[PDB]
Amino acid sequence: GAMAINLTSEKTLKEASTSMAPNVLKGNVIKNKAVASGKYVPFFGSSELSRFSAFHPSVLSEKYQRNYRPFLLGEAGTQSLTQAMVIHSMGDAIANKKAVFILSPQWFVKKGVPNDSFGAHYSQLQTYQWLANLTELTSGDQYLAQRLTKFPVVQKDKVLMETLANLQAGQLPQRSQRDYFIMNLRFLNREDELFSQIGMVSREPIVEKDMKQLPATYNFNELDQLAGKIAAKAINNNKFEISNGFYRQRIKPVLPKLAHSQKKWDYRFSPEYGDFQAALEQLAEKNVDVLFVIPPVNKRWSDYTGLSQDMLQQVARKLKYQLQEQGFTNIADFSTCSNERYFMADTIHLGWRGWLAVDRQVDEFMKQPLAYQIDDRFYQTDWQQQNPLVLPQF
Ligand SMILES: [Cl-]
Ligand SMILES: [Cl-]
Ligand SMILES: [Cl-]
Ligand code: NA
């Protein structure tokens with residue numbers, strides 16, 4: 001590629017920070033440089049990150065010229081296992097820095113992350129890099145190996161499967177296995193440099209458009225009221241306070257079938273609790289200070305689908321126990337805000353007033369001036385299947 005294509009330029013990092021480009025998520029050059037600079041705070045999440053408005057953290061941070069910008073990492077289908085490898089691949093770039101982790105209760109389904117969701121975001125670069133540089137084996141490495149062998153995208157990689165088998169047996173990758181990954185990494189790193197920007201569509205034009213809606217100076221109460229007025233315009237074609245486009249495209253054509261459709265849904269038991277532990281161990285190993293966010297589900301929608309808000313509180317209690325028990329004490333739990341109007345953009349994605357509330361917690365967290373106690377037993381099936389009614393309220 002032409003030398004003028006500078007993947008680490010200031011403009012490139014700025015443009016990529018709001019793109020949610022999966023090729024950047026699967027790569028190393030761009031995302032690692034952004035986080036290593038200290039100016040970009042990685043936002044680990046999924047599809048909710050794209051719900052932009054005047055009150056999205058990417059817009060508020062640009063409008064008021066803060067000393068940091070979010071770097072959105074995730075999309076639909078990127079859960080904890082994918083993110084654990086994203087975090088690990090940053091290496092020392094994220095060490096001793098700050099991050100934001102947006103949990104989705106919907107991640108914690110009975111069977112965990114679907115095969116196609118993990119496969120669609122599987123990074124051979126990051127996975128091969130992890131195995132090539134492995135010099136000391138940890139329980140987290142063995143848990144990652146065990147989980148990866150369960151997905152078809154990995155099972156078709158025989159050398160990888162053979163290497164993951166040794167990890168589970170307590171052995172480092174064999175010399176011939178490490179050499180193999182190193183051979184391929186020469187191609188994978190070159191392809192990262194050449195192709196990681198294909199399909200990148202920055203949301204900077206949306207940022208600059210929404211900035212024109214915000215006052216010149218920041219005031220939460222003013223913004224909170226303004227978010228209600230703007231939201232009220234964009235949810236007027238239905239009674240569930242759902243965005244017009246989202247509603248007419250996904251809800252309206254099948255509205256009768258969705259009634260009571262979620263009465264039996266349950267997020268209390270899931271392999272995702274183990275995959276989430278994998279991300280927590282990676283963050284703790286690099287001394288990353290993290291703010292965790294738990295969103296609600298719109299009360300007006302859950303009343304129609306039958307999704308249990310009591311069950312969602314059981315899920316929050318389980319997650320906050322796993323966090324607090326191990327030293328993760330920065331938690332913005334908005335799961336009790338289900339009845340807050342204009343909080344969500346649609347059914348499950350944070351919206352106008354939700355992002356404003358998250359933005360305040362993020363901003364306060366970034367101004368805050370680590371005693372982690374990782375417990376490997378959170379990887380075990382008995383925790384994945386643990387009923388949270390016995391847990392305390394941390
Ligand atoms: Cl501010
Ligand atoms: Cl819309
Ligand atoms: Cl309920
Ligand atoms: Na989500």
# chains A, B, ... in the order shown; residues from 1 in each chain; ligands from 1
call {"tool": "residues_around", "arguments": {"residues": "segment 9-26 of chain A", "least_positions_apart": "5", "cutoff": "8 Å", "atoms": "only C-alpha atoms", "output": "MDAnalysis selection string"}}
result
chainID A and resid 31 33:34 40 50 58 69:75 86 121:123 125:126 195:204
call {"tool": "residues_near_ligand", "arguments": {"ligand": "ligand 3", "cutoff": "7 Å", "atoms": "only C-alpha atoms and all ligand atoms", "output": "MDAnalysis selection string"}}
result
chainID A and resid 307:310
call {"tool": "atom_distance", "arguments": {"atom1": "atom CA of residue 95 of chain A", "atom2": "atom CA of residue 175 of chain A"}}
result
28.4 Å
call {"tool": "closest_atom_pairs", "arguments": {"of": "chain A", "to": "ligand 1", "cutoff": "10 Å", "atoms": "only C-alpha atoms and all ligand atoms", "output": "JSON lines"}}
result
{"residue": "A:57", "atom": "CA", "partner": "ligand 1", "partner_atom_place_in_ligand_line": "1 (Cl)", "distance": 9.9}
{"residue": "A:60", "atom": "CA", "partner": "ligand 1", "partner_atom_place_in_ligand_line": "1 (Cl)", "distance": 7.4}
{"residue": "A:61", "atom": "CA", "partner": "ligand 1", "partner_atom_place_in_ligand_line": "1 (Cl)", "distance": 7.1}
{"residue": "A:62", "atom": "CA", "partner": "ligand 1", "partner_atom_place_in_ligand_line": "1 (Cl)", "distance": 9.8}
{"residue": "A:63", "atom": "CA", "partner": "ligand 1", "partner_atom_place_in_ligand_line": "1 (Cl)", "distance": 9.0}
{"residue": "A:64", "atom": "CA", "partner": "ligand 1", "partner_atom_place_in_ligand_line": "1 (Cl)", "distance": 6.1}
{"residue": "A:65", "atom": "CA", "partner": "ligand 1", "partner_atom_place_in_ligand_line": "1 (Cl)", "distance": 8.3}
{"residue": "A:66", "atom": "CA", "partner": "ligand 1", "partner_atom_place_in_ligand_line": "1 (Cl)", "distance": 6.8}
{"residue": "A:67", "atom": "CA", "partner": "ligand 1", "partner_atom_place_in_ligand_line": "1 (Cl)", "distance": 9.9}
{"residue": "A:217", "atom": "CA", "partner": "ligand 1", "partner_atom_place_in_ligand_line": "1 (Cl)", "distance": 8.5}
{"residue": "A:218", "atom": "CA", "partner": "ligand 1", "partner_atom_place_in_ligand_line": "1 (Cl)", "distance": 5.8}
{"residue": "A:219", "atom": "CA", "partner": "ligand 1", "partner_atom_place_in_ligand_line": "1 (Cl)", "distance": 8.0}
{"residue": "A:220", "atom": "CA", "partner": "ligand 1", "partner_atom_place_in_ligand_line": "1 (Cl)", "distance": 8.8}
{"residue": "A:359", "atom": "CA", "partner": "ligand 1", "partner_atom_place_in_ligand_line": "1 (Cl)", "distance": 8.6}
{"residue": "A:360", "atom": "CA", "partner": "ligand 1", "partner_atom_place_in_ligand_line": "1 (Cl)", "distance": 7.7}
{"residue": "A:362", "atom": "CA", "partner": "ligand 1", "partner_atom_place_in_ligand_line": "1 (Cl)", "distance": 9.9}
{"residue": "A:363", "atom": "CA", "partner": "ligand 1", "partner_atom_place_in_ligand_line": "1 (Cl)", "distance": 6.6}
{"residue": "A:364", "atom": "CA", "partner": "ligand 1", "partner_atom_place_in_ligand_line": "1 (Cl)", "distance": 8.8}
call {"tool": "residues_near_ligand", "arguments": {"ligand": "ligand 2", "cutoff": "7 Å", "atoms": "only C-alpha atoms and all ligand atoms", "output": "VMD selection string"}}
result
chain A and resid 234 243 to 246
call {"tool": "decode", "arguments": {"residues": "segment 29-49 of chain A", "atoms": "N, CA, C and O atoms", "output": "PDB file, in the first residue's frame"}}
result
ATOM      1  N   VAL A  29      -3.479  -3.028  14.629  1.00  0.00           N
ATOM      2  CA  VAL A  29      -2.755  -1.773  14.422  1.00  0.00           C
ATOM      3  C   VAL A  29      -3.565  -0.590  14.941  1.00  0.00           C
ATOM      4  O   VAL A  29      -3.108   0.177  15.797  1.00  0.00           O
ATOM      5  N   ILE A  30      -4.783  -0.420  14.426  1.00  0.00           N
ATOM      6  CA  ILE A  30      -5.526   0.812  14.679  1.00  0.00           C
ATOM      7  C   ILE A  30      -6.025   0.858  16.118  1.00  0.00           C
ATOM      8  O   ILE A  30      -5.803   1.842  16.835  1.00  0.00           O
ATOM      9  N   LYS A  31      -6.709  -0.197  16.569  1.00  0.00           N
ATOM     10  CA  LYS A  31      -7.304  -0.152  17.900  1.00  0.00           C
ATOM     11  C   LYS A  31      -6.233  -0.099  18.985  1.00  0.00           C
ATOM     12  O   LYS A  31      -6.392   0.611  19.984  1.00  0.00           O
ATOM     13  N   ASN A  32      -5.132  -0.835  18.804  1.00  0.00           N
ATOM     14  CA  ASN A  32      -4.075  -0.830  19.813  1.00  0.00           C
ATOM     15  C   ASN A  32      -3.406   0.534  19.901  1.00  0.00           C
ATOM     16  O   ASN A  32      -3.107   1.015  21.001  1.00  0.00           O
ATOM     17  N   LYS A  33      -3.155   1.171  18.756  1.00  0.00           N
ATOM     18  CA  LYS A  33      -2.546   2.496  18.769  1.00  0.00           C
ATOM     19  C   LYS A  33      -3.451   3.507  19.461  1.00  0.00           C
ATOM     20  O   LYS A  33      -2.981   4.341  20.241  1.00  0.00           O
ATOM     21  N   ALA A  34      -4.757   3.438  19.198  1.00  0.00           N
ATOM     22  CA  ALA A  34      -5.693   4.378  19.809  1.00  0.00           C
ATOM     23  C   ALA A  34      -5.694   4.244  21.327  1.00  0.00           C
ATOM     24  O   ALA A  34      -5.655   5.247  22.052  1.00  0.00           O
ATOM     25  N   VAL A  35      -5.743   3.009  21.828  1.00  0.00           N
ATOM     26  CA  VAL A  35      -5.781   2.793  23.272  1.00  0.00           C
ATOM     27  C   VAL A  35      -4.430   3.112  23.899  1.00  0.00           C
ATOM     28  O   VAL A  35      -4.360   3.666  25.004  1.00  0.00           O
ATOM     29  N   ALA A  36      -3.335   2.779  23.208  1.00  0.00           N
ATOM     30  CA  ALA A  36      -2.008   3.056  23.746  1.00  0.00           C
ATOM     31  C   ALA A  36      -1.758   4.552  23.892  1.00  0.00           C
ATOM     32  O   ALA A  36      -0.946   4.966  24.728  1.00  0.00           O
ATOM     33  N   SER A  37      -2.444   5.377  23.095  1.00  0.00           N
ATOM     34  CA  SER A  37      -2.237   6.819  23.159  1.00  0.00           C
ATOM     35  C   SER A  37      -2.746   7.421  24.460  1.00  0.00           C
ATOM     36  O   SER A  37      -2.319   8.520  24.825  1.00  0.00           O
ATOM     37  N   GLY A  38      -3.646   6.735  25.162  1.00  0.00           N
ATOM     38  CA  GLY A  38      -4.236   7.261  26.374  1.00  0.00           C
ATOM     39  C   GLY A  38      -5.365   8.243  26.155  1.00  0.00           C
ATOM     40  O   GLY A  38      -6.044   8.608  27.125  1.00  0.00           O
ATOM     41  N   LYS A  39      -5.597   8.678  24.917  1.00  0.00           N
ATOM     42  CA  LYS A  39      -6.660   9.625  24.618  1.00  0.00           C
ATOM     43  C   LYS A  39      -7.987   8.952  24.304  1.00  0.00           C
ATOM     44  O   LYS A  39      -9.034   9.600  24.416  1.00  0.00           O
ATOM     45  N   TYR A  40      -7.973   7.679  23.918  1.00  0.00           N
ATOM     46  CA  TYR A  40      -9.178   6.957  23.534  1.00  0.00           C
ATOM     47  C   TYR A  40      -9.499   5.910  24.592  1.00  0.00           C
ATOM     48  O   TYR A  40      -8.678   5.029  24.873  1.00  0.00           O
ATOM     49  N   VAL A  41     -10.692   6.011  25.171  1.00  0.00           N
ATOM     50  CA  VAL A  41     -11.161   5.065  26.180  1.00  0.00           C
ATOM     51  C   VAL A  41     -11.927   3.962  25.455  1.00  0.00           C
ATOM     52  O   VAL A  41     -12.975   4.250  24.850  1.00  0.00           O
ATOM     53  N   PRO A  42     -11.456   2.715  25.472  1.00  0.00           N
ATOM     54  CA  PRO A  42     -12.194   1.653  24.776  1.00  0.00           C
ATOM     55  C   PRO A  42     -13.539   1.398  25.440  1.00  0.00           C
ATOM     56  O   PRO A  42     -13.625   1.224  26.658  1.00  0.00           O
ATOM     57  N   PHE A  43     -14.591   1.394  24.626  1.00  0.00           N
ATOM     58  CA  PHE A  43     -15.942   1.037  25.051  1.00  0.00           C
ATOM     59  C   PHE A  43     -16.224  -0.360  24.511  1.00  0.00           C
ATOM     60  O   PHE A  43     -16.554  -0.520  23.334  1.00  0.00           O
ATOM     61  N   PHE A  44     -16.094  -1.367  25.372  1.00  0.00           N
ATOM     62  CA  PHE A  44     -16.424  -2.736  24.998  1.00  0.00           C
ATOM     63  C   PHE A  44     -17.925  -2.953  25.160  1.00  0.00           C
ATOM     64  O   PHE A  44     -18.470  -2.772  26.255  1.00  0.00           O
ATOM     65  N   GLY A  45     -18.590  -3.337  24.074  1.00  0.00           N
ATOM     66  CA  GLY A  45     -20.021  -3.575  24.105  1.00  0.00           C
ATOM     67  C   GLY A  45     -20.498  -4.326  22.880  1.00  0.00           C
ATOM     68  O   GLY A  45     -19.742  -5.104  22.293  1.00  0.00           O
ATOM     69  N   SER A  46     -21.750  -4.099  22.481  1.00  0.00           N
ATOM     70  CA  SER A  46     -22.291  -4.736  21.287  1.00  0.00           C
ATOM     71  C   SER A  46     -23.158  -3.745  20.511  1.00  0.00           C
ATOM     72  O   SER A  46     -22.761  -2.588  20.337  1.00  0.00           O
ATOM     73  N   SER A  47     -24.334  -4.173  20.031  1.00  0.00           N
ATOM     74  CA  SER A  47     -25.077  -3.364  19.068  1.00  0.00           C
ATOM     75  C   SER A  47     -25.567  -2.043  19.652  1.00  0.00           C
ATOM     76  O   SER A  47     -25.841  -1.108  18.889  1.00  0.00           O
ATOM     77  N   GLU A  48     -25.684  -1.933  20.975  1.00  0.00           N
ATOM     78  CA  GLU A  48     -26.168  -0.690  21.566  1.00  0.00           C
ATOM     79  C   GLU A  48     -25.225   0.478  21.305  1.00  0.00           C
ATOM     80  O   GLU A  48     -25.662   1.634  21.337  1.00  0.00           O
ATOM     81  N   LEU A  49     -23.944   0.203  21.043  1.00  0.00           N
ATOM     82  CA  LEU A  49     -22.973   1.267  20.819  1.00  0.00           C
ATOM     83  C   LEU A  49     -23.326   2.145  19.623  1.00  0.00           C
ATOM     84  O   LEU A  49     -22.897   3.303  19.575  1.00  0.00           O
TER      85      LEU A  49
END
